[PDB]
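Content type PDB, N, CA and C atoms, from the file coords_15.pdb:
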ATOM      1  N   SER A   1     -14.227 -21.783   9.327
ATOM      2  CA  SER A   1     -14.893 -20.600   8.797
ATOM      3  C   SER A   1     -16.400 -20.806   8.723
ATOM      4  N   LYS A   2     -17.151 -19.743   8.993
ATOM      5  CA  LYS A   2     -18.607 -19.797   8.922
ATOM      6  C   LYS A   2     -19.154 -18.710   8.006
ATOM      7  N   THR A   3     -20.403 -18.872   7.586
ATOM      8  CA  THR A   3     -21.053 -17.896   6.719
ATOM      9  C   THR A   3     -21.156 -16.538   7.399
ATOM     10  N   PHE A   4     -20.743 -15.493   6.688
ATOM     11  CA  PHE A   4     -20.640 -14.161   7.274
ATOM     12  C   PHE A   4     -20.968 -13.083   6.250
ATOM     13  N   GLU A   5     -21.525 -11.973   6.725
ATOM     14  CA  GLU A   5     -21.908 -10.874   5.849
ATOM     15  C   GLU A   5     -21.212  -9.580   6.252
ATOM     16  N   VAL A   6     -20.717  -8.846   5.260
ATOM     17  CA  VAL A   6     -20.183  -7.509   5.490
ATOM     18  C   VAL A   6     -20.908  -6.472   4.645
ATOM     19  N   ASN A   7     -21.123  -5.293   5.220
ATOM     20  CA  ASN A   7     -21.865  -4.236   4.544
ATOM     21  C   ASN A   7     -21.058  -2.947   4.486
ATOM     22  N   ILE A   8     -20.689  -2.539   3.277
ATOM     23  CA  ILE A   8     -19.840  -1.369   3.089
ATOM     24  C   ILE A   8     -20.632  -0.201   2.518
ATOM     25  N   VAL A   9     -20.540   0.950   3.178
ATOM     26  CA  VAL A   9     -21.254   2.144   2.742
ATOM     27  C   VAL A   9     -20.310   3.135   2.073
ATOM     28  N   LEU A  10     -20.651   3.540   0.855
ATOM     29  CA  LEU A  10     -19.775   4.388   0.055
ATOM     30  C   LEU A  10     -20.452   5.706  -0.292
ATOM     31  N   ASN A  11     -19.655   6.764  -0.409
ATOM     32  CA  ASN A  11     -20.168   8.073  -0.785
ATOM     33  C   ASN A  11     -20.797   8.041  -2.172
ATOM     34  N   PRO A  12     -22.043   8.497  -2.260
ATOM     35  CA  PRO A  12     -22.823   8.363  -3.487
ATOM     36  C   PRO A  12     -22.416   9.411  -4.514
ATOM     37  N   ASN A  13     -21.525  10.313  -4.115
ATOM     38  CA  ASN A  13     -21.088  11.397  -4.985
ATOM     39  C   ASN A  13     -19.831  11.014  -5.755
ATOM     40  N   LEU A  14     -19.419   9.759  -5.616
ATOM     41  CA  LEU A  14     -18.223   9.267  -6.290
ATOM     42  C   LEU A  14     -18.517   8.911  -7.743
ATOM     43  N   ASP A  15     -17.517   9.068  -8.600
ATOM     44  CA  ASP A  15     -17.611   8.615  -9.983
ATOM     45  C   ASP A  15     -17.765   7.102 -10.057
ATOM     46  N   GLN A  16     -18.322   6.623 -11.163
ATOM     47  CA  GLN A  16     -18.431   5.187 -11.406
ATOM     48  C   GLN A  16     -17.060   4.524 -11.397
ATOM     49  N   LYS A  17     -16.060   5.236 -11.901
ATOM     50  CA  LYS A  17     -14.684   4.756 -11.863
ATOM     51  C   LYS A  17     -14.181   4.627 -10.432
ATOM     52  N   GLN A  18     -14.388   5.674  -9.640
ATOM     53  CA  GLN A  18     -13.934   5.689  -8.257
ATOM     54  C   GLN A  18     -14.588   4.575  -7.450
ATOM     55  N   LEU A  19     -15.879   4.359  -7.684
ATOM     56  CA  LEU A  19     -16.615   3.300  -7.006
ATOM     57  C   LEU A  19     -16.100   1.925  -7.412
ATOM     58  N   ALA A  20     -15.831   1.757  -8.702
ATOM     59  CA  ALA A  20     -15.278   0.508  -9.214
ATOM     60  C   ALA A  20     -13.924   0.208  -8.583
ATOM     61  N   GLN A  21     -13.103   1.242  -8.437
ATOM     62  CA  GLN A  21     -11.795   1.098  -7.808
ATOM     63  C   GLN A  21     -11.926   0.724  -6.339
ATOM     64  N   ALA A  22     -12.854   1.377  -5.648
ATOM     65  CA  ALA A  22     -13.129   1.068  -4.248
ATOM     66  C   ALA A  22     -13.583  -0.377  -4.085
ATOM     67  N   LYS A  23     -14.395  -0.848  -5.024
ATOM     68  CA  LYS A  23     -14.867  -2.227  -5.009
ATOM     69  C   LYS A  23     -13.709  -3.206  -5.173
ATOM     70  N   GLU A  24     -12.867  -2.957  -6.170
ATOM     71  CA  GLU A  24     -11.705  -3.798  -6.419
ATOM     72  C   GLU A  24     -10.800  -3.867  -5.194
ATOM     73  N   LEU A  25     -10.545  -2.709  -4.590
ATOM     74  CA  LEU A  25      -9.677  -2.632  -3.422
ATOM     75  C   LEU A  25     -10.280  -3.375  -2.237
ATOM     76  N   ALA A  26     -11.593  -3.252  -2.075
ATOM     77  CA  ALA A  26     -12.311  -3.989  -1.041
ATOM     78  C   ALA A  26     -12.159  -5.491  -1.230
ATOM     79  N   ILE A  27     -12.243  -5.937  -2.479
ATOM     80  CA  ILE A  27     -12.056  -7.345  -2.804
ATOM     81  C   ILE A  27     -10.639  -7.801  -2.486
ATOM     82  N   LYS A  28      -9.661  -6.995  -2.881
ATOM     83  CA  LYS A  28      -8.257  -7.317  -2.644
ATOM     84  C   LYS A  28      -7.968  -7.451  -1.153
ATOM     85  N   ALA A  29      -8.680  -6.673  -0.347
ATOM     86  CA  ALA A  29      -8.622  -6.818   1.104
ATOM     87  C   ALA A  29      -9.204  -8.156   1.548
ATOM     88  N   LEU A  30     -10.400  -8.466   1.062
ATOM     89  CA  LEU A  30     -11.122  -9.655   1.502
ATOM     90  C   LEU A  30     -10.377 -10.926   1.114
ATOM     91  N   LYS A  31      -9.747 -10.902  -0.055
ATOM     92  CA  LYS A  31      -9.056 -12.075  -0.576
ATOM     93  C   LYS A  31      -7.969 -12.548   0.386
ATOM     94  N   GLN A  32      -7.454 -11.620   1.188
ATOM     95  CA  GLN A  32      -6.355 -11.922   2.095
ATOM     96  C   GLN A  32      -6.835 -12.733   3.292
ATOM     97  N   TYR A  33      -8.148 -12.897   3.401
ATOM     98  CA  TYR A  33      -8.733 -13.742   4.435
ATOM     99  C   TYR A  33      -9.215 -15.068   3.858
ATOM    100  N   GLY A  34      -8.877 -15.315   2.598
ATOM    101  CA  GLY A  34      -9.296 -16.534   1.916
ATOM    102  C   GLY A  34     -10.699 -16.392   1.341
ATOM    103  N   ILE A  35     -11.163 -15.153   1.226
ATOM    104  CA  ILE A  35     -12.518 -14.884   0.763
ATOM    105  C   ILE A  35     -12.566 -14.751  -0.753
ATOM    106  N   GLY A  36     -13.546 -15.405  -1.368
ATOM    107  CA  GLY A  36     -13.693 -15.382  -2.819
ATOM    108  C   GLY A  36     -14.556 -14.210  -3.266
ATOM    109  N   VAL A  37     -15.058 -14.287  -4.494
ATOM    110  CA  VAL A  37     -15.784 -13.175  -5.096
ATOM    111  C   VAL A  37     -17.060 -13.653  -5.777
ATOM    112  N   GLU A  38     -17.699 -14.656  -5.185
ATOM    113  CA  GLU A  38     -18.724 -15.425  -5.879
ATOM    114  C   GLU A  38     -20.104 -14.814  -5.677
ATOM    115  N   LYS A  39     -20.291 -14.148  -4.543
ATOM    116  CA  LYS A  39     -21.592 -13.599  -4.182
ATOM    117  C   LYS A  39     -21.476 -12.143  -3.749
ATOM    118  N   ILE A  40     -21.613 -11.234  -4.708
ATOM    119  CA  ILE A  40     -21.422  -9.811  -4.449
ATOM    120  C   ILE A  40     -22.616  -8.999  -4.935
ATOM    121  N   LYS A  41     -23.111  -8.112  -4.078
ATOM    122  CA  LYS A  41     -24.231  -7.248  -4.430
ATOM    123  C   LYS A  41     -23.887  -5.781  -4.206
ATOM    124  N   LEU A  42     -24.460  -4.912  -5.034
ATOM    125  CA  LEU A  42     -24.358  -3.472  -4.821
ATOM    126  C   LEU A  42     -25.638  -2.762  -5.242
ATOM    127  N   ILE A  43     -26.077  -1.810  -4.427
ATOM    128  CA  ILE A  43     -27.188  -0.942  -4.790
ATOM    129  C   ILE A  43     -26.752   0.516  -4.856
ATOM    130  N   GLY A  44     -26.685   1.055  -6.069
ATOM    131  CA  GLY A  44     -25.965   2.298  -6.318
ATOM    132  C   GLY A  44     -26.781   3.505  -5.873
ATOM    133  N   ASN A  45     -28.040   3.266  -5.525
ATOM    134  CA  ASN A  45     -28.928   4.335  -5.081
ATOM    135  C   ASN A  45     -29.477   4.048  -3.688
ATOM    136  N   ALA A  46     -28.796   3.173  -2.958
ATOM    137  CA  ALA A  46     -29.187   2.846  -1.591
ATOM    138  C   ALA A  46     -29.192   4.089  -0.710
ATOM    139  N   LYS A  47     -30.284   4.282   0.026
ATOM    140  CA  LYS A  47     -30.379   5.379   0.980
ATOM    141  C   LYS A  47     -30.068   4.908   2.395
ATOM    142  N   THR A  48     -28.820   4.516   2.620
ATOM    143  CA  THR A  48     -28.398   4.007   3.921
ATOM    144  C   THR A  48     -28.703   5.005   5.029
ATOM    145  N   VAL A  49     -29.395   4.539   6.065
ATOM    146  CA  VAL A  49     -29.884   5.421   7.116
ATOM    147  C   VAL A  49     -28.732   6.115   7.835
ATOM    148  N   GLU A  50     -27.571   5.470   7.845
ATOM    149  CA  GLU A  50     -26.396   6.015   8.511
ATOM    150  C   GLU A  50     -25.640   6.973   7.599
ATOM    151  N   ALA A  51     -26.131   7.126   6.374
ATOM    152  CA  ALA A  51     -25.493   7.998   5.395
ATOM    153  C   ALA A  51     -26.329   9.244   5.138
ATOM    154  N   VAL A  52     -27.633   9.049   4.958
ATOM    155  CA  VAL A  52     -28.517  10.127   4.532
ATOM    156  C   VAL A  52     -28.520  11.269   5.540
ATOM    157  N   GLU A  53     -27.960  11.013   6.718
ATOM    158  CA  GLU A  53     -27.811  12.046   7.735
ATOM    159  C   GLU A  53     -27.030  13.238   7.198
ATOM    160  N   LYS A  54     -26.033  12.959   6.363
ATOM    161  CA  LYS A  54     -25.204  14.009   5.782
ATOM    162  C   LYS A  54     -25.205  13.933   4.262
ATOM    163  N   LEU A  55     -25.472  12.743   3.734
ATOM    164  CA  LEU A  55     -25.330  12.488   2.305
ATOM    165  C   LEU A  55     -26.688  12.337   1.635
ATOM    166  N   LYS A  56     -26.682  12.256   0.308
ATOM    167  CA  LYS A  56     -27.917  12.149  -0.459
ATOM    168  C   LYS A  56     -28.541  10.768  -0.309
ATOM    169  N   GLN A  57     -27.698   9.741  -0.293
ATOM    170  CA  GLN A  57     -28.165   8.363  -0.382
ATOM    171  C   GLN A  57     -27.317   7.434   0.479
ATOM    172  N   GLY A  58     -26.202   6.975  -0.077
ATOM    173  CA  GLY A  58     -25.259   6.148   0.666
ATOM    174  C   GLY A  58     -25.217   4.729   0.114
ATOM    175  N   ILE A  59     -24.247   4.467  -0.757
ATOM    176  CA  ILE A  59     -24.269   3.272  -1.590
ATOM    177  C   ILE A  59     -24.003   2.020  -0.763
ATOM    178  N   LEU A  60     -24.797   0.983  -0.999
ATOM    179  CA  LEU A  60     -24.711  -0.242  -0.213
ATOM    180  C   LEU A  60     -23.966  -1.334  -0.971
ATOM    181  N   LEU A  61     -22.764  -1.657  -0.504
ATOM    182  CA  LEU A  61     -21.968  -2.715  -1.112
ATOM    183  C   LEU A  61     -21.830  -3.910  -0.175
ATOM    184  N   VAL A  62     -22.282  -5.071  -0.637
ATOM    185  CA  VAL A  62     -22.420  -6.237   0.227
ATOM    186  C   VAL A  62     -21.639  -7.426  -0.320
ATOM    187  N   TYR A  63     -20.885  -8.085   0.551
ATOM    188  CA  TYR A  63     -20.255  -9.356   0.214
ATOM    189  C   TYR A  63     -20.813 -10.490   1.067
ATOM    190  N   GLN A  64     -21.137 -11.605   0.422
ATOM    191  CA  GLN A  64     -21.472 -12.831   1.133
ATOM    192  C   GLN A  64     -20.273 -13.769   1.209
ATOM    193  N   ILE A  65     -19.691 -13.882   2.397
ATOM    194  CA  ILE A  65     -18.341 -14.412   2.544
ATOM    195  C   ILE A  65     -18.304 -15.556   3.549
ATOM    196  N   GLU A  66     -17.174 -16.254   3.603
ATOM    197  CA  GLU A  66     -16.917 -17.215   4.670
ATOM    198  C   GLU A  66     -15.664 -16.845   5.451
ATOM    199  N   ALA A  67     -15.793 -16.782   6.771
ATOM    200  CA  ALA A  67     -14.692 -16.360   7.630
ATOM    201  C   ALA A  67     -14.885 -16.857   9.059
ATOM    202  N   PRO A  68     -13.779 -17.063   9.760
ATOM    203  CA  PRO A  68     -13.822 -17.371  11.185
ATOM    204  C   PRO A  68     -14.189 -16.137  12.001
ATOM    205  N   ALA A  69     -14.741 -16.364  13.189
ATOM    206  CA  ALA A  69     -15.136 -15.272  14.072
ATOM    207  C   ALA A  69     -13.949 -14.375  14.401
ATOM    208  N   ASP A  70     -12.764 -14.973  14.473
ATOM    209  CA  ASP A  70     -11.576 -14.263  14.933
ATOM    210  C   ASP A  70     -11.241 -13.096  14.018
ATOM    211  N   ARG A  71     -11.595 -13.229  12.742
ATOM    212  CA  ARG A  71     -11.136 -12.301  11.718
ATOM    213  C   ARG A  71     -12.184 -11.234  11.430
ATOM    214  N   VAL A  72     -13.286 -11.281  12.170
ATOM    215  CA  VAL A  72     -14.386 -10.345  11.965
ATOM    216  C   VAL A  72     -13.932  -8.908  12.177
ATOM    217  N   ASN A  73     -13.184  -8.680  13.254
ATOM    218  CA  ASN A  73     -12.656  -7.355  13.554
ATOM    219  C   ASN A  73     -11.681  -6.895  12.482
ATOM    220  N   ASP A  74     -10.844  -7.817  12.014
ATOM    221  CA  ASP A  74      -9.841  -7.500  11.005
ATOM    222  C   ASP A  74     -10.492  -7.165   9.669
ATOM    223  N   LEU A  75     -11.551  -7.892   9.332
ATOM    224  CA  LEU A  75     -12.317  -7.616   8.124
ATOM    225  C   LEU A  75     -12.889  -6.205   8.143
ATOM    226  N   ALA A  76     -13.497  -5.835   9.267
ATOM    227  CA  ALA A  76     -14.095  -4.514   9.412
ATOM    228  C   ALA A  76     -13.049  -3.417   9.264
ATOM    229  N   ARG A  77     -11.874  -3.642   9.843
ATOM    230  CA  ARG A  77     -10.808  -2.645   9.830
ATOM    231  C   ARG A  77     -10.335  -2.365   8.411
ATOM    232  N   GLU A  78     -10.027  -3.426   7.674
ATOM    233  CA  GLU A  78      -9.465  -3.293   6.334
ATOM    234  C   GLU A  78     -10.459  -2.640   5.383
ATOM    235  N   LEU A  79     -11.737  -2.954   5.563
ATOM    236  CA  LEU A  79     -12.784  -2.436   4.689
ATOM    237  C   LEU A  79     -12.993  -0.942   4.908
ATOM    238  N   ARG A  80     -12.464  -0.432   6.015
ATOM    239  CA  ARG A  80     -12.604   0.980   6.350
ATOM    240  C   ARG A  80     -11.367   1.769   5.944
ATOM    241  N   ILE A  81     -10.412   1.088   5.322
ATOM    242  CA  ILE A  81      -9.139   1.700   4.966
ATOM    243  C   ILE A  81      -9.314   2.717   3.845
ATOM    244  N   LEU A  82     -10.404   2.587   3.098
ATOM    245  CA  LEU A  82     -10.626   3.411   1.915
ATOM    246  C   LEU A  82     -11.245   4.753   2.288
ATOM    247  N   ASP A  83     -10.984   5.766   1.471
ATOM    248  CA  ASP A  83     -11.629   7.064   1.628
ATOM    249  C   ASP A  83     -13.015   7.070   0.998
ATOM    250  N   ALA A  84     -13.206   6.228  -0.012
ATOM    251  CA  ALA A  84     -14.508   6.072  -0.647
ATOM    252  C   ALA A  84     -15.552   5.582   0.351
ATOM    253  N   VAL A  85     -15.107   4.794   1.326
ATOM    254  CA  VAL A  85     -16.014   4.159   2.272
ATOM    255  C   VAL A  85     -16.302   5.070   3.458
ATOM    256  N   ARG A  86     -17.577   5.203   3.801
ATOM    257  CA  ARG A  86     -17.988   6.070   4.902
ATOM    258  C   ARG A  86     -18.252   5.263   6.168
ATOM    259  N   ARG A  87     -18.645   4.004   5.990
ATOM    260  CA  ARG A  87     -19.018   3.156   7.114
ATOM    261  C   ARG A  87     -19.007   1.684   6.719
ATOM    262  N   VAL A  88     -18.579   0.832   7.643
ATOM    263  CA  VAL A  88     -18.669  -0.612   7.454
ATOM    264  C   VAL A  88     -19.353  -1.280   8.640
ATOM    265  N   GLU A  89     -20.321  -2.141   8.351
ATOM    266  CA  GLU A  89     -20.975  -2.935   9.383
ATOM    267  C   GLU A  89     -20.823  -4.426   9.109
ATOM    268  N   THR A  90     -20.914  -5.228  10.165
ATOM    269  CA  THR A  90     -20.733  -6.671  10.051
ATOM    270  C   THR A  90     -21.856  -7.425  10.753
ATOM    271  N   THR A  91     -22.042  -8.685  10.373
ATOM    272  CA  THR A  91     -22.960  -9.570  11.079
ATOM    273  C   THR A  91     -22.693 -11.031  10.735
ATOM    274  N   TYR A  92     -23.062 -11.922  11.647
ATOM    275  CA  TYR A  92     -22.994 -13.356  11.386
ATOM    276  C   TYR A  92     -24.204 -13.830  10.589
ATOM    277  N   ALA A  93     -24.025 -14.912   9.844
ATOM    278  CA  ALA A  93     -25.122 -15.510   9.087
ATOM    279  C   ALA A  93     -25.133 -17.027   9.237
ATOM    280  N   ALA A  94     -26.322 -17.614   9.176
ATOM    281  CA  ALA A  94     -26.474 -19.055   9.332
ATOM    282  C   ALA A  94     -25.787 -19.809   8.201
ATOM    283  N   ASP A  95     -25.307 -21.009   8.502
ATOM    284  CA  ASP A  95     -24.704 -21.870   7.491
ATOM    285  C   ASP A  95     -25.759 -22.711   6.782
TER     286      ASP A  95
END

As structure tokens:
Amino acid sequence: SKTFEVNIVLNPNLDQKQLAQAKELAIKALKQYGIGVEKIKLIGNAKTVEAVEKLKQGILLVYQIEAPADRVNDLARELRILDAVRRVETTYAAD
């Protein structure tokens, strides 16, 4: 496994409860890849460029994770399973 970053974009019109639930569910997905919960960031007023096209802002939820390259596609898929989520992007990071 290598250092890896995932970026989840959520509808900014969601309740704090709904967002919290989406976060928990996202974690429950990630855990299935052996991913922990040690380094997590969220910006609740993020104006994601891929969101503001239709939305007001576009909430930026980020996990700093460790995963093999093979599971990158699977990570992206599961993170998109939610209705709260509008978009997921991925990238590799240095160790």

- Picked residues, the PyMOL selection byres (((chain A and resi 57-67 and name CA) around 8) and name CA), as a ChimeraX atom specification: /A:1-12,33-52,55-56,68-69,71-72

- Query: Would you give me, as a VMD selection string, the residues in chain A that DSSP reads as strand (DSSP E or B)?
  - Reply: chain A and resid 2 to 10 40 to 43 59 to 67 85 to 92

- Task: Could you please determine the separation between atom N of residue 17 in chain A and CA of residue 74 in chain A in Å, to one decimal place?
- Result: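 Interatomic distance, atom N of residue 17 in chain A to CA of residue 74 in chain A: 26.9 Å.
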
Expected axis-aligned box over every listed atom of range 88-92 of chain A, 6 Å added per side, centre plus edges in Å to one decimal, as JSON:
{"center_x": -21.4, "center_y": -6.5, "center_z": 9.6, "size_x": 17.6, "size_y": 26.7, "size_z": 16.2}

- Message: Using only N, CA and C atoms, list the residues that have an atom at most 6 Å from (-14.8, -3.5, 4.1), coordinates as in the file, as a VMD selection string.
- Response: chain A and resid 8 26 75 to 76 78 to 80 88

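Of the residues in chain A, those that DSSP places in alpha helix (DSSP H) on the basis of the backbone are residues 16, 17, 18, 19, 20, 21, 22, 23, 24, 25, 26, 27, 28, 29, 30, 72, 73, 74, 75, 76, 77, 78 and 79 of chain A.
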
May I have the residues from that selection written out with N, CA and C atoms, as a PDB file, in the coordinates of the input?
ATOM      1  N   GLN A  16     -18.322   6.623 -11.163  1.00  0.00           N
ATOM      2  CA  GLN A  16     -18.431   5.187 -11.406  1.00  0.00           C
ATOM      3  C   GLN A  16     -17.060   4.524 -11.397  1.00  0.00           C
ATOM      4  N   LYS A  17     -16.060   5.236 -11.901  1.00  0.00           N
ATOM      5  CA  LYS A  17     -14.684   4.756 -11.863  1.00  0.00           C
ATOM      6  C   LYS A  17     -14.181   4.627 -10.432  1.00  0.00           C
ATOM      7  N   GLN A  18     -14.388   5.674  -9.640  1.00  0.00           N
ATOM      8  CA  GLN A  18     -13.934   5.689  -8.257  1.00  0.00           C
ATOM      9  C   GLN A  18     -14.588   4.575  -7.450  1.00  0.00           C
ATOM     10  N   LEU A  19     -15.879   4.359  -7.684  1.00  0.00           N
ATOM     11  CA  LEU A  19     -16.615   3.300  -7.006  1.00  0.00           C
ATOM     12  C   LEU A  19     -16.100   1.925  -7.412  1.00  0.00           C
ATOM     13  N   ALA A  20     -15.831   1.757  -8.702  1.00  0.00           N
ATOM     14  CA  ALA A  20     -15.278   0.508  -9.214  1.00  0.00           C
ATOM     15  C   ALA A  20     -13.924   0.208  -8.583  1.00  0.00           C
ATOM     16  N   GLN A  21     -13.103   1.242  -8.437  1.00  0.00           N
ATOM     17  CA  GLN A  21     -11.795   1.098  -7.808  1.00  0.00           C
ATOM     18  C   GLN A  21     -11.926   0.724  -6.339  1.00  0.00           C
ATOM     19  N   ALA A  22     -12.854   1.377  -5.648  1.00  0.00           N
ATOM     20  CA  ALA A  22     -13.129   1.068  -4.248  1.00  0.00           C
ATOM     21  C   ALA A  22     -13.583  -0.377  -4.085  1.00  0.00           C
ATOM     22  N   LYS A  23     -14.395  -0.848  -5.024  1.00  0.00           N
ATOM     23  CA  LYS A  23     -14.867  -2.227  -5.009  1.00  0.00           C
ATOM     24  C   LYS A  23     -13.709  -3.206  -5.173  1.00  0.00           C
ATOM     25  N   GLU A  24     -12.867  -2.957  -6.170  1.00  0.00           N
ATOM     26  CA  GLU A  24     -11.705  -3.798  -6.419  1.00  0.00           C
ATOM     27  C   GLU A  24     -10.800  -3.867  -5.194  1.00  0.00           C
ATOM     28  N   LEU A  25     -10.545  -2.709  -4.590  1.00  0.00           N
ATOM     29  CA  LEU A  25      -9.677  -2.632  -3.422  1.00  0.00           C
ATOM     30  C   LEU A  25     -10.280  -3.375  -2.237  1.00  0.00           C
ATOM     31  N   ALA A  26     -11.593  -3.252  -2.075  1.00  0.00           N
ATOM     32  CA  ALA A  26     -12.311  -3.989  -1.041  1.00  0.00           C
ATOM     33  C   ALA A  26     -12.159  -5.491  -1.230  1.00  0.00           C
ATOM     34  N   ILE A  27     -12.243  -5.937  -2.479  1.00  0.00           N
ATOM     35  CA  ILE A  27     -12.056  -7.345  -2.804  1.00  0.00           C
ATOM     36  C   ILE A  27     -10.639  -7.801  -2.486  1.00  0.00           C
ATOM     37  N   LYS A  28      -9.661  -6.995  -2.881  1.00  0.00           N
ATOM     38  CA  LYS A  28      -8.257  -7.317  -2.644  1.00  0.00           C
ATOM     39  C   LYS A  28      -7.968  -7.451  -1.153  1.00  0.00           C
ATOM     40  N   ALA A  29      -8.680  -6.673  -0.347  1.00  0.00           N
ATOM     41  CA  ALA A  29      -8.622  -6.818   1.104  1.00  0.00           C
ATOM     42  C   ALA A  29      -9.204  -8.156   1.548  1.00  0.00           C
ATOM     43  N   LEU A  30     -10.400  -8.466   1.062  1.00  0.00           N
ATOM     44  CA  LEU A  30     -11.122  -9.655   1.502  1.00  0.00           C
ATOM     45  C   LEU A  30     -10.377 -10.926   1.114  1.00  0.00           C
ATOM     46  N   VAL A  72     -13.286 -11.281  12.170  1.00  0.00           N
ATOM     47  CA  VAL A  72     -14.386 -10.345  11.965  1.00  0.00           C
ATOM     48  C   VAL A  72     -13.932  -8.908  12.177  1.00  0.00           C
ATOM     49  N   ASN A  73     -13.184  -8.680  13.254  1.00  0.00           N
ATOM     50  CA  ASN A  73     -12.656  -7.355  13.554  1.00  0.00           C
ATOM     51  C   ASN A  73     -11.681  -6.895  12.482  1.00  0.00           C
ATOM     52  N   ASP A  74     -10.844  -7.817  12.014  1.00  0.00           N
ATOM     53  CA  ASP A  74      -9.841  -7.500  11.005  1.00  0.00           C
ATOM     54  C   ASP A  74     -10.492  -7.165   9.669  1.00  0.00           C
ATOM     55  N   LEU A  75     -11.551  -7.892   9.332  1.00  0.00           N
ATOM     56  CA  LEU A  75     -12.317  -7.616   8.124  1.00  0.00           C
ATOM     57  C   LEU A  75     -12.889  -6.205   8.143  1.00  0.00           C
ATOM     58  N   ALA A  76     -13.497  -5.835   9.267  1.00  0.00           N
ATOM     59  CA  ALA A  76     -14.095  -4.514   9.412  1.00  0.00           C
ATOM     60  C   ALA A  76     -13.049  -3.417   9.264  1.00  0.00           C
ATOM     61  N   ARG A  77     -11.874  -3.642   9.843  1.00  0.00           N
ATOM     62  CA  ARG A  77     -10.808  -2.645   9.830  1.00  0.00           C
ATOM     63  C   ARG A  77     -10.335  -2.365   8.411  1.00  0.00           C
ATOM     64  N   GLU A  78     -10.027  -3.426   7.674  1.00  0.00           N
ATOM     65  CA  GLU A  78      -9.465  -3.293   6.334  1.00  0.00           C
ATOM     66  C   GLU A  78     -10.459  -2.640   5.383  1.00  0.00           C
ATOM     67  N   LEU A  79     -11.737  -2.954   5.563  1.00  0.00           N
ATOM     68  CA  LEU A  79     -12.784  -2.436   4.689  1.00  0.00           C
ATOM     69  C   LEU A  79     -12.993  -0.942   4.908  1.00  0.00           C
TER      70      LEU A  79
END

- Task: Figure out the distance between atom C of residue 32 in chain A and CA of residue 18 in chain A, please, to one decimal in Å.
- Result: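 That distance, rounded to one decimal, is 22.9 Å.
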
- Query: For the atom pair CA of residue 53 in chain A and CA of residue 27 in chain A, what is the interatomic distance in Å to one decimal place?
  - Reply: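 Answer for the CA of residue 53 in chain A to CA of residue 27 in chain A separation: 27.1 Å.
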